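Engineer: As they're listed, the protein sequences go chains C and D. Mapping to the deposited numbering: the first sequence position 241 is 241, numbers consecutive. Mapping to the deposited numbering: the second sequence position 275 is 276, numbers consecutive. For each residue, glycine too, the CB sits at the ideal point set by N, CA and C. Submitted below is the structure of interest, expressed as structure tokens.
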Amino acid sequence: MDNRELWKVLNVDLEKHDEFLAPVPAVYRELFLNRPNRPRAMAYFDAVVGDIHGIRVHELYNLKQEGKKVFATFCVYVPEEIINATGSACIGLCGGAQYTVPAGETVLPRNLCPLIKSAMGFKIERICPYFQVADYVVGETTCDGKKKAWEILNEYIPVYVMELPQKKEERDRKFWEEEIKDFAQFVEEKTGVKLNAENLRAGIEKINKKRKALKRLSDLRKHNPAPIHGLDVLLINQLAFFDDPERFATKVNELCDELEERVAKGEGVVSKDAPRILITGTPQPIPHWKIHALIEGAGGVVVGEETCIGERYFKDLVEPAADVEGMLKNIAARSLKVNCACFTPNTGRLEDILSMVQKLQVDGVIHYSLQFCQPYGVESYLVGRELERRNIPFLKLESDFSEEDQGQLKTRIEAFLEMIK
Amino acid sequence: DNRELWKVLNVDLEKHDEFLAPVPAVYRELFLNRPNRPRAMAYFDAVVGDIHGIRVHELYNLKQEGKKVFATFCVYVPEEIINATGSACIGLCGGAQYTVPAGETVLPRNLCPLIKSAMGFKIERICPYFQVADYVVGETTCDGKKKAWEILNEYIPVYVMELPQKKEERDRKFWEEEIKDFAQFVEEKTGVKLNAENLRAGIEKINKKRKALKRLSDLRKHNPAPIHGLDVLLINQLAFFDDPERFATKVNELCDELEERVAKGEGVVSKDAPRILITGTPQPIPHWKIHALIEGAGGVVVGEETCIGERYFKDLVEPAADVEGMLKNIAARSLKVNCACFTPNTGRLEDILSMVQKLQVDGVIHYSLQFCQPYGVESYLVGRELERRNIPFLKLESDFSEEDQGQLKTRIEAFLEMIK
């Protein structure tokens, strides 16, 4: 093939790479392709999944040859606009694979979040071309696991760490603006492009246009019957981390046009009696589609996702400004409006949940979080207690990237859907 | 009068007695019958003989006299300011497993045993040192305690200080302003406003205490060892519950006895037993399992790089002329702690190596609690850098369960069997 020599040049272990890529087509066929009632604008995304380690890696390399850089992030708090204002890429390989768990566990204790260990293994075994072509990695201080794993990752690839505060009063708002300014200076130093009003406003328009299409897609999901299955929207939000901000937004808008066509005639992918489910908790990387597949494989339909591969990524858009200082202020202020479970207290995400259930008309919420995720694990008590106080059905789930939790999670989901008919 | 106090403070006396039932035998086996113990140790034993009594009487008397009792869970708390504003300050980290399942009703099972034990002790209402507390001072360190303060607020009230994540200039100013906020807090809640001459009094008292503990810790650099490590662990544990003045005096008299023990050349064990440095997470009372397993097999522990240890008495406040300068100095002193919640943290590695050099240690053990992420992940870099310097290393980790020693003993002996 052609990607063969690109992987070889990028220093990719080809034996492990093939052993990892082996079972993906059958899973993607059973979970995605074989399902009927599918929209027509999704084939594009299928093609992307059919070559996720191919075309986009070529694009990243060929644009790296132009004098640009490739920045890799793990947190949506990192300003995508500031990076894309210099003509450089901003990708986010949050890996959700078990194949790379025993690898990343060689340096991390086994009682850690599966995402961190999966990404660490992806890097240690040289098996992810996105991780190879990436020049830098931008970390932050959200959980103890990632904050400490940066100290190990920096020996493998350079790591720049932003410091995010833990509360959101006046001084915290101020401190984050200074942090964004330091990151912008670092970006100017590393890319060699001075930030003007032209390029910065251009990048802000670019990222806001990317987020607007996803928020339109999310707003289209609150109709009855459901015009699209939740697994497809999940895959869309998942692909939103490696794709070009223009073509992705265009295809998302075309899919939204098709879904509006469906809504105009009352077409739906599920029977109208089916339960509608809302998901809240930790983001689900790719390919970690287990929960959506199990929920929609018993008759239910997911209408919303309150994760950072859900609505928390595209909910807030940047406000315009005049000079560069105002643009940086607005970027930092947009970033700090994310009601992540690392702040204390975090009473805004609860308002988010209670408003999303009324918007999407949800019959029951499910609080799925990863195993050994303490920030989202502890807050679940308060979230569920408050939701039960207000007479809302609630289910707490927890699993890892293992593939064969079918029986237990299946019984849980089926009992829930039987109860909240 | 003890049961009178426990009735005043709402104690489910049944669970209280069932918790205190199998404790005197443990303390007799681990301490009382162990030979060659010094004489000045007697006082400390008396404290454990009345662990829920006379000190609770003193705290409740201070309460009835119109003054507060501040409960803490960290080292960064400016206890100097609390001592300045008259009120008392006590630390009470989680200790036993009896309260773990109860605490597991509001917290996940995959959390640290310390937070679970603390939450259980609070909910079960069987701790006089907790049932007498007026406030709690939490911090923003780990994920567990940060997200558990919210659930704790529904019970006894909680004030939270925000600790930064690095030690640069912005973090220094941030911590300075947070110390100012906590000073305003104690000014308002204790009624007393602080001036220079009264703030320096608490500064000097807490200094005296820390430097007395520092003298005792330095005294352990003699071969053969003058004192066993379990007694020093008990001293550092009781340093959070006792009264500072008399405790400093008692530790000074113990140091006076150890001076003669060093001059005569008498040791608690032979000059062949291995010297072990413990480093990692703190060991609250009664978590004497690790030291007991290390020494009972035939070793000695001459150093504890924990916060119930070297990191509670290494740094002391610098002097200043005015109140603002004294507050800035208290903040700068508290920020000198090299915990595993900042990034990077090479200072702790420098401390470990310097203690290995000074204390003549021939065996290093890194012990952290179960489900502890900060130290549990930093252990990799710590061991990797220590292995280069050709230092024997051993990673250990467990919870508050009793009969897990079967896996620990086999892990301990072998270590001591090869570092001869």
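Using the C-alpha atoms, what's the distance from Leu195(D) back to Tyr368(C)?
Structural biologist: By 1-based counting over the first sequence, the position of residue 368(C) is 368. By 1-based counting over the second sequence, the position of residue 195(D) is 194. Between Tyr368(C) and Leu195(D), the C-alpha separation is close to 49 Å.
Engineer: Kindly identify the DSSP beta-bridge partner or partners of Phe74(C).
Structural biologist: Start at 1 with the first residue of the first sequence, and residue 74(C) comes out as number 74. In DSSP, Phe74(C) forms no bridge with anything.
Engineer: Where does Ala149(C) fall in DSSP's three states?
Structural biologist: Counted from its first residue, the first sequence places residue 149(C) at position 149. Three-state DSSP puts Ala149(C) in a helix.
Engineer: Can you check which of these residues, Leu14(C), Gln406(C), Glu325(C) and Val383(C), is closest to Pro345(C) by C-alpha distance?
Structural biologist: Reading the first sequence from its first residue, position 345 is the one you call residue 345(C). Out of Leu14(C), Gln406(C), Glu325(C) and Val383(C), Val383(C) has the C-alpha closest to the C-alpha of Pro345(C).
Engineer: Can you tell me whether DSSP reads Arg276(C) as helix, strand or coil?
Structural biologist: Counting from 1 along the first sequence, the entry for residue 276(C) is found at position 276. Residue state, collapsed to three classes: strand.
Engineer: Spatial neighbours of residue 422(C) within its chain, please: CB distance less than 7 Å, with the 5 preceding and 5 following residues excluded, ordered by chain position.
Structural biologist: The structure shown has nothing for residue 422(C), since chain C only spans 1 to 421.
Engineer: Listed in chain order, which residues of the segment 373-384 of chain D have Cβ atoms closer than 7 Å to some Cβ of chain C?
Structural biologist: Within the segment 373-384 of chain D, the residues whose Cβ lies closer than 7 Å to some Cβ of chain C are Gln374, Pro375, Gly377, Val378, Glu379, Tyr381 and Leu382, listed in chain order.
Engineer: With DSSP run on the structure shown, which of helix, strand or coil describes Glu305(C)?
Structural biologist: Your numbering for residue 305(C) matches position 305 in the first sequence. In the structure shown, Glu305(C) sits in a strand (DSSP, three-state: E or B).
Engineer: Could you check which residue in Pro102(D), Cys90(D), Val107(D) and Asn62(D) has the C-alpha nearest to that of residue 1(D)?
Structural biologist: This structure cannot speak to residue 1(D), because chain D is shown only from 2 to 421.
Engineer: Can you have a look at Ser271(D) and say buried or exposed, based on whether 16 or more other CB atoms are within 10 angstroms of its CB?
Structural biologist: Residue mapping note: residue 271(D) aligns to position 270 of the second sequence, counting from 1. By the neighbour-count rule (16 or more Cβ atoms within 10 Å), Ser271(D) is not buried but exposed.
Engineer: Looking at chain C, is there any beta carbon in it that lies within less than 7 Å of the beta carbon of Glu418(D)?
Structural biologist: For this step, residue 418(D) is matched to residue 417 along the second sequence. No, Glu418(D) does not count as interfacial toward chain C.
Engineer: Under 7 Å, do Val301(C) and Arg276(C) count as touching if we go by C-beta distance?
Structural biologist: Working through the first sequence from its first residue, we reach residue 301(C) at position 301. Working through the first sequence from its first residue, we reach residue 276(C) at position 276. Their beta carbons are under 7 Å apart, which means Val301(C) touches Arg276(C) by this criterion.
Engineer: Would a check of beta-carbon distances place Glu80(C) closer than 7 Å to chain D?
Structural biologist: The count along the first sequence starts at 1 and reaches residue 80(C) at position 80. Cβ-Cβ to chain D under 7 Å: no for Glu80(C).
Engineer: Consult DSSP for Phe394(C) and reduce its assignment to one of helix, strand or coil.
Structural biologist: Counting from 1 along the first sequence, the entry for residue 394(C) is found at position 394. Strand.
Engineer: Strictly by DSSP, which residues pair up with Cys90(D)?
Structural biologist: Sequence index remark: in the second sequence, residue 90(D) carries index 89 (1-based). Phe71(D).
Engineer: Do the segment 173-181 of chain C and the segment 113-130 of chain C meet, that is, are 3 or more Cβ pairs less than 8 Å apart?
Structural biologist: No: the two stretches stay apart, fewer than three of their Cβ pairs being nearer than 8 Å.
Engineer: Beta-carbon of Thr344(C) versus every beta-carbon of chain D: anything under 7 Å?
Structural biologist: As a working mapping, residue 344(C) is identified with position 344 in the first sequence. Answer yes: the Cβ-Cβ gap between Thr344(C) and chain D drops below 7 Å somewhere.
Engineer: Should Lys265(D) be labelled buried (16 or more other beta-carbon atoms within 10 Å of its own) or exposed?
Structural biologist: As a first step, residue 265(D) is located in the second sequence; it is residue number 264 there, counting from the start. Counting Cβ neighbours within 10 Å, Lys265(D) comes out exposed, since fewer than 16 surround it.
Engineer: Using only the alpha-carbon positions, how far apart do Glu19(C) and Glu105(C) sit?
Structural biologist: Translated into the one-based positions of the first sequence, residue 19(C) becomes position 19. Translated into the one-based positions of the first sequence, residue 105(C) becomes position 105. Whole-angstrom Cα-Cα distance: 19 Å.
Engineer: Okay, do the segment 301-319 of chain C and the segment 28-36 of chain D touch, 3+ Cβ pairs below 8 Å being the bar?
Structural biologist: Counting Cβ pairs under 8 Å, fewer than three are found: no touch.
Engineer: In chain order, what residues of the same chain lie with their CB nearer than 6 Å to the CB of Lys174(C), ignoring the 5 residues before and after it?
Structural biologist: What you label residue 174(C) is simply residue 174 of the first sequence in a count that begins at 1. There are no such residues.
Engineer: Going by Cα to Cα distance, which pick from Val365(D), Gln65(D), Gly87(D) and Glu151(D) is closest to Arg390(D)?
Structural biologist: Stepping through the second sequence from its first residue, residue 390(D) is reached at position 389. Answer by Cα proximity: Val365(D).
Engineer: Using a 10 Å radius around the Cβ and a threshold of 16 neighbouring Cβ atoms, would you call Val9(D) buried or exposed?
Structural biologist: Within the second sequence, the letter at position 8 stands for residue 9(D). Flag for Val9(D) reads exposed.
Engineer: For a quick check, are the C-beta atoms of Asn84(D) and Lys210(D) less than 7 Å apart?
Structural biologist: Translated into positions along the second sequence, residue 84(D) becomes position 83. Translated into positions along the second sequence, residue 210(D) becomes position 209. Not a contact, by the Cβ cut-off of 7 Å.
Engineer: Just curious, the alpha helix (DSSP H) that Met356(C) is in, first and last residue?
Structural biologist: Here the question's residue 356(C) lines up with position 356 in the first sequence. Per DSSP, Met356(C) belongs to the alpha helix (DSSP H) from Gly348 to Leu360.
Engineer: Closer than 7 Å, CB to CB, is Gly145(D) near chain C or not?
Structural biologist: On the second sequence, residue 145(D) is found 144 positions in, with the first residue counted as 1. Output row for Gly145(D): interface = yes.
Engineer: Please state the DSSP three-state secondary structure of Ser218(C).
Structural biologist: For this step, residue 218(C) is matched to residue 218 along the first sequence. Of the three classes helix, strand and coil, the one that applies to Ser218(C) here is helix, per DSSP.
Engineer: So if I threshold CB-CB distances at 7 Å, which residues from the segment 162-186 of chain D count as touching chain C?
Structural biologist: Answer set for the segment 162-186 of chain D: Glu163, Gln166, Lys167, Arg171, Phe175 and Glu178.
Engineer: From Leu259(C) to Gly230(C), what does the alpha carbon distance come to, in whole angstroms?
Structural biologist: Numbered from its first residue, the first sequence carries residue 259(C) at position 259. Numbered from its first residue, the first sequence carries residue 230(C) at position 230. Going from the Cα of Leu259(C) to the Cα of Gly230(C) covers about 13 Å.
Engineer: What residues from chain D crowd round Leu108(C), counting only those whose CB sits closer than 8 Å?
Structural biologist: To locate residue 108(C), count along the first sequence from 1; it is residue 108. Near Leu108(C) (Cβ distances below 8 Å), the residues of chain D are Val378 and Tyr381.
Engineer: Count the other CB atoms, across all protein chains shown, that sit within 10 Å of the CB of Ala415(D); report buried if there are 16 or more and exposed otherwise.
Structural biologist: Indexing the second sequence from 1 puts residue 415(D) at position 414. So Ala415(D) ends up on the exposed side.
Engineer: Could one say the Cβ of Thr141(C) lies closer than 7 Å to chain D's Cβ atoms, at least one of them?
Structural biologist: Along the first sequence, read from residue 1 onward, the residue named residue 141(C) stands at position 141. So yes, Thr141(C) belongs to the interface.
Engineer: Can you grab the Cα-Cα spacing for the pair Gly304(C) / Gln358(D), in whole Å?
Structural biologist: Taking the first sequence and counting its residues from 1, one reaches residue 304(C) at position 304. Taking the second sequence and counting its residues from 1, one reaches residue 358(D) at position 357. One C-alpha to the other measures close to 59 Å.
Engineer: With a threshold of 6 Å on Cβ separation, who are the neighbours of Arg35(C) within its own chain once the five nearest residues in sequence on each side are excluded?
Structural biologist: Here residue 35(C) corresponds to residue number 35 of the first sequence, with the count starting at 1. Closer than 6 Å at Cβ, skipping near neighbours: no residue.
Engineer: Mind checking if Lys148(D) is an interface residue toward chain C, Cβ cutoff 7 Å exclusive?
Structural biologist: For the purposes of this step, residue 148(D) is identified with residue 147 of the second sequence, where counting begins at 1. Chain C contact via Cβ: present.
Engineer: What does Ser369(C) pair with, by DSSP beta-bridge criteria?
Structural biologist: Your numbering for residue 369(C) matches position 369 in the first sequence. BP columns for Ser369(C) point to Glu398(C).
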